**Q** 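First the structure, then my questions, so here it is.
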Amino acid sequence: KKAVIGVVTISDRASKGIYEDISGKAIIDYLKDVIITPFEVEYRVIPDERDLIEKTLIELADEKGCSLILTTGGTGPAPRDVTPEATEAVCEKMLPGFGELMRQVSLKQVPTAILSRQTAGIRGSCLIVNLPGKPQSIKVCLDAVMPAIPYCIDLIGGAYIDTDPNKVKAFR
Amino acid sequence: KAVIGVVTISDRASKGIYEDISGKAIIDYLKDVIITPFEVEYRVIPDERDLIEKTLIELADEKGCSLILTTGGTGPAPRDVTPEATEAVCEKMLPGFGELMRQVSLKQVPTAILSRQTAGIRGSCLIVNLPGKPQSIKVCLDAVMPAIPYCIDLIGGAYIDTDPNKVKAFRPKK
Amino acid sequence: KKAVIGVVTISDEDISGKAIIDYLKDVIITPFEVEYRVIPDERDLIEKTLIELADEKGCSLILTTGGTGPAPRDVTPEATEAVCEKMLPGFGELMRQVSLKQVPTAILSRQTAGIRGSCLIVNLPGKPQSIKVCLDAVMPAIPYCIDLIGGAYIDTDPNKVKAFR
């Protein structure tokens with residue numbers, strides 16, 4: 001099975017071109033830097049429209065065959081922040097451990113980490129994980145959860161992915 | 001106008017069996033650390049799920065509270081339905097609150113994992129479940145209060161700020 | 001008033017189940033009986049088993065092992081949620097936390113805990129190392145939780161794990 005990783009930036013302003021997407025860039029740069037195995041990327045930038053988020057996640061998993069989808073944006077307390085809701089809506093099983101750890105890690109930086117509603121779940125053979133917005137926060141987040149990602153994908157029947165032990169160790 | 005609701009959910013407190021030291025502890029905490037004008041909507045009710053839901057809704061919808069702090073009814077016993085009532089009236093929950101509150105509470109109380117305290121949003125009002133003991137109330141508040149004012153900003157609620165020497169309310173600055 | 005504890009191994013020798021039984025026998029100092037069940041990874045059968053133990057055998061505590069991962073057939077958490085009327089988020093939170101110390105993949109665990117009548121049900125992992133850290137972390141609050149839901153009296157050896165009360 002070929003590894004295809006989805007990167008979805010959820011932001012009205014970003015989708016309107018009001019500002020450049022440094023978040024999606026940070027995610028792709030991180031993946032290219034740590035993943036040893038071969039893989040393709042399916043990048044998407046969309047406004048925070050609930051239906052568009054769900055339709056986009058489903059397209060990447062079902063039609064593009066992504067084994068992993070990383071989202072960035074729309075995970076705070078504000079009413080328009082519906083990325084977690086969209087994620088739950090397309091997944092059959094949620095993984096509470098992801099949200100717990102990502103908040104734990106963020107707490108080391110700022111107390112507002114408890115306002116994050118980022119989560120993760122499974123849709124078929126695809127793992128979907130909600131990431132933060134800031135490039136630095138994205139890096140710290142992935143260093144924390146990436147070690148468990150390749151194995152999780154193995155368990156749901158997704159493509160094989162491995163990372164550079166000197167960068168981040170994919171625990172198996 | 002900043003209006004903060006304080007709801008004590010206790011059958012015995014509502015009947016006049018015990019003095020509400022919990023509610024009093026919360027009000028004293030608020031007055032001690034908040035450095036902006038605010039009014040309090042204090043309520044003491046028995047642990048009746050329907051009444052809890054009606055009270056939270058009234059304080060949020062009619063009294064215009066931007067923050068509601070509850071105390072009591074968050075344990076494993078069948079009658080403790082504060083979390084259930086809170087989830088029922090909120091449109092969006094915030095798992096980080098319950099997570100951190102249980103985390104800072106166990107280093108002292110091993111039964112902290114039995115607490116079902118949570119927090120959520122109803123319109124422009126943040127609702128947070130606190131423990132009963134005045135000691136635990138201060139610990140929980142010192143842990144989550146730093147994020148409360150900003151969370152309220154984000155949901156369109158009233159402006160609240162705290163004495164940085166007591167509690168630092170973190171807010172991103174340009 | 002009799003203390004009965006259920007131990008359910010969920011998987012299509014039972015090291016994991018043995019570990020739990022040994023733990024219970026080692027730390028509990030009060031009289032109690034164990035109802036042991038080994039069943040396949042079928043949600044309905046898991047649900048019926050938990051109900052049989054809680055309702056018919058009168059268990060005050062049920063500890064499960066297996067079926068808590070991300071795979072499609074790991075449905076223990078779903079079955080547990082289905083039979084309980086009140087869930088305890090604090091359990092899964094702490095168990096994943098202590099487990100994460102050696103197992104990075106601990107965040108893939110969907111273990112939880114809930115209450116069905118006067119019975120507390122807790123999902124444990126499959127590996128002995130994880131089962132131990134998990135029990136050492138939550139057992140201190142189990143006897144008291146059982147008291148609060150009206151279950152049987154259980155107490156532990158203070159030199160192994162102190163049950164708060």
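By convention in this document, chain letters (A, B, ...) are assigned in the order of the sequence lines, proteins followed by strands, and residues within each chain are numbered from 1.
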**Q** Working to the nearest 0.5 Å, report the span between CG of C/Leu61 and CG of C/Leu24.
**A** 7.0 Å
**Q** For C/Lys1, does the NZ atom have more than 12 heavy-atom neighbours from other residues, nucleotides or ligands under 6.0 Å away?
**A** no
**Q** Would you find more than 12 non-hydrogen atoms of other residues, nucleotides or ligands less than 6.0 Å from A/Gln109 atom CD?
**A** no
**Q** Which atoms form the tightest heavy-atom contact between B/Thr71 and B/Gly132, and what is the distance?
**A** OG1-CA, 3.5 Å
**Q** Is A/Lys169 atom NZ crowded by more than 12 heavy atoms from other residues, nucleotides or ligands, each under 6.0 Å away?
**A** no
**Q** Restricting to side-chain hydrogen bond (donor to acceptor under 3.5 Å, both in side chains), what partner residues turn up for B/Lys54, sequence neighbours left out?
**A** none
**Q** Going by salt bridge (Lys or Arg N to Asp or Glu O under 4.0 Å), name the residues that satisfy it together with B/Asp47, two or more places apart in sequence or in a different chain.
**A** B/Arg79
**Q** Using a 4.5 Å cut-off on heavy atoms from C-beta on, say whether the side chain of B/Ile52 contacts that of B/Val81.
**A** yes
**Q** At what distance, to the nearest 0.5 angstrom, does CD1 of C/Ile15 lie from NZ of C/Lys127?
**A** 10.5 Å
**Q** Listed by chain and number, what are the salt bridge (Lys or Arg N to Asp or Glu O under 4.0 Å) partners of B/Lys166, not counting sequence neighbours?
**A** B/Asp32
**Q** With sequence neighbours left out, what residues match B/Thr55 under side-chain contact (heavy atoms from CB on, under 4.5 Å)?
**A** B/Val7, B/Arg43, B/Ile45, B/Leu51, B/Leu59
**Q** Is there side-chain contact between B/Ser66 and B/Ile4, with heavy atoms separated by less than 4.5 Å?
**A** no
**Q** State, to 0.1 Å, how close A/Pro77 and B/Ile155 come at their nearest heavy-atom pair, and which atoms those are.
**A** O-CG2, 3.8 Å
**Q** Please identify each residue that fulfils salt bridge (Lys or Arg N to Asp or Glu O under 4.0 Å) with B/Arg49, with sequence neighbours left out.
**A** B/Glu53
**Q** Report yes if some heavy atom in the side chain of B/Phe170 is under 4.5 Å from a heavy atom in the side chain of B/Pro146; otherwise report no.
**A** no
**Q** Using side chain to side chain contact (heavy atoms under 4.5 Å, CB included), reason through C/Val133 and C/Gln129 one step at a time and then give a plain yes or no.
**A** CA-CA 6 Å; C/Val133 297; C/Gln129 185 283 316; 3.2 Å; yes
**Q** Within the structure provided, determine whether C/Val27 and C/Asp157 are in side-chain contact (heavy-atom separation under 4.5 Å).
**A** no
**Q** Could you check if a side-chain atom of A/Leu107 sits within less than 4.5 angstrom of a side-chain atom of A/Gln104, using non-hydrogen atoms only?
**A** yes
**Q** Distance only, no hydrogens: is a donor on one side chain within 3.5 Å (strictly under) of an acceptor on the other, for A/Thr75 and A/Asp81?
**A** no
**Q** Where the side chain of B/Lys63 meets the backbone of B/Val40, is there a donor-acceptor pair that is under 3.5 Å apart?
**A** no
**Q** Enter the distance from C/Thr76:OG1 to C/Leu124:CG here, rounded to the nearest 0.5 Å.
**A** 10.5 Å
**Q** Counting C-beta onward and ignoring hydrogens, is there a side-chain heavy-atom pair between A/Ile122 and A/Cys91 closer than 4.5 Å?
**A** no
**Q** Please report, to 0.1 Å, the donor-acceptor pairs under 3.5 Å made by any side chain of residues 105-112 of chain C, with sequence neighbours excluded.
**A**
| from | atom 1 | to | atom 2 | distance (Å) |
| --- | --- | --- | --- | --- |
| C/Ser109 | OG | C/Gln111 | N | 3.4 |
| C/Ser109 | OG | C/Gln111 | NE2 | 2.6 |
| C/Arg110 | NE | A/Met94 | O | 2.9 |
| C/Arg110 | NH1 | C/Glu78 | OE1 | 3.0 |
| C/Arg110 | NH1 | C/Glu78 | OE2 | 3.3 |
| C/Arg110 | NH2 | C/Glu78 | OE2 | 3.4 |

**Q** Is atom CD of B/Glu58 surrounded by more than 12 heavy atoms (other residues, nucleotides or ligands) closer than 6.0 Å?
**A** yes
**Q** Of all residues at least two apart in sequence or in a different chain, which pass the side-chain hydrogen bond (donor to acceptor under 3.5 Å, both in side chains) check with C/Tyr153?
**A** none
**Q** Distance from B/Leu69 atom CG to B/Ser22 atom OG, nearest 0.5 Å?
**A** 12.5 Å
**Q** Ignoring hydrogens, what is the shortest heavy-atom contact between C/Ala3 and C/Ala152? Give both atom names and the distance.
**A** CA-CB, 3.4 Å
**Q** When rounded to the nearest 0.5 angstrom, what distance separates SG in B/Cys65 from CG in B/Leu126?
**A** 11.5 Å
**Q** Could you give all pairs that pass the side chain to side chain donor-acceptor pair (under 3.5 Å) test and reach residues 130-146 of chain C, with sequence neighbours left out?
**A** C/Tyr23-C/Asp136, C/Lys132-C/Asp136
**Q** Any side chain to side chain donor-acceptor pair (under 3.5 Å) pairs touching residues 116-126 of chain C, not counting sequence neighbours?
**A** C/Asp55-C/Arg116, C/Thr64-C/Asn123, C/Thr80-C/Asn123
**Q** Considering only residues two or more places apart or on different chains, which pairs with a residue in residues 58-71 of chain C satisfy salt bridge (charged side-chain N to carboxylate O under 4.0 Å, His left out)?
**A** none
**Q** Quick one: do C/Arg165 and C/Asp155 satisfy salt bridge (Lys or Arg N to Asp or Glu O under 4.0 Å)? Show the steps, please.
**A** CA-CA 10 Å; C/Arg165 278 200 166 82; C/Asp155 193 36; 3.6 Å; yes
**Q** Can you check side chain to side chain contact (heavy atoms under 4.5 Å, CB included) on C/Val103 and A/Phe171, steps first, answer last?
**A** CA-CA 8 Å; C/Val103 186; A/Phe171 180 92; 4.1 Å; yes
**Q** Sequence neighbours left out, cut at 3.5 Å: what donor-acceptor pairs do the side chains of residues 95-102 of chain A make with other protein atoms?
**A**
| from | atom 1 | to | atom 2 | distance (Å) |
| --- | --- | --- | --- | --- |
| A/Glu100 | OE1 | C/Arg96 | NE | 2.8 |
| A/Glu100 | OE2 | C/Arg96 | NE | 3.4 |
| A/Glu100 | OE2 | C/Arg96 | NH2 | 2.8 |

**Q** To check you understand the geometry: which heavy-atom pair defines the closest contact between C/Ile62 and C/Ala54, and what is its length?
**A** CD1-N, 4.0 Å
**Q** With heavy-atom distances below 4.5 Å as the criterion, would you say the side chains of B/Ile152 and B/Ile160 are in contact?
**A** yes
**Q** Check the pair C/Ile121, C/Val83 against side chain to side chain contact (heavy atoms under 4.5 Å, CB included), reporting the backbone distance first and the verdict last.
**A** CA-CA 9 Å; C/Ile121 302 176; C/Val83 303; 3.9 Å; yes
**Q** Assess the side chains of B/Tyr18 and B/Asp11: does a donor N or O sit below 3.5 Å from an acceptor N or O?
**A** no
**Q** When you look at C/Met139 and C/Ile142, which way does the side chain to side chain contact (heavy atoms under 4.5 Å, CB included) test go after all the steps?
**A** CA-CA 5 Å; C/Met139 187 60 75; C/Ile142 285 178; 4.1 Å; yes
**Q** If you define the side chain from C-beta out and look only at heavy atoms, does anything of C/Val4 sit under 4.5 Å from C/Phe32?
**A** no
**Q** What residue pairs, at least two apart or across chains, pass ring pair (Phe, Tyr, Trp, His ring centres under 6.0 Å) with a residue in residues 47-71 of chain C?
**A** none
**Q** Output the distance between atom SG (A/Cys141) and atom CD1 (A/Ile138), rounded to the nearest 0.5 Å.
**A** 8.5 Å
**Q** State, to 0.1 Å, how close C/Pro40 and C/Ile10 come at their nearest heavy-atom pair, and which atoms those are.
**A** O-CG2, 3.7 Å
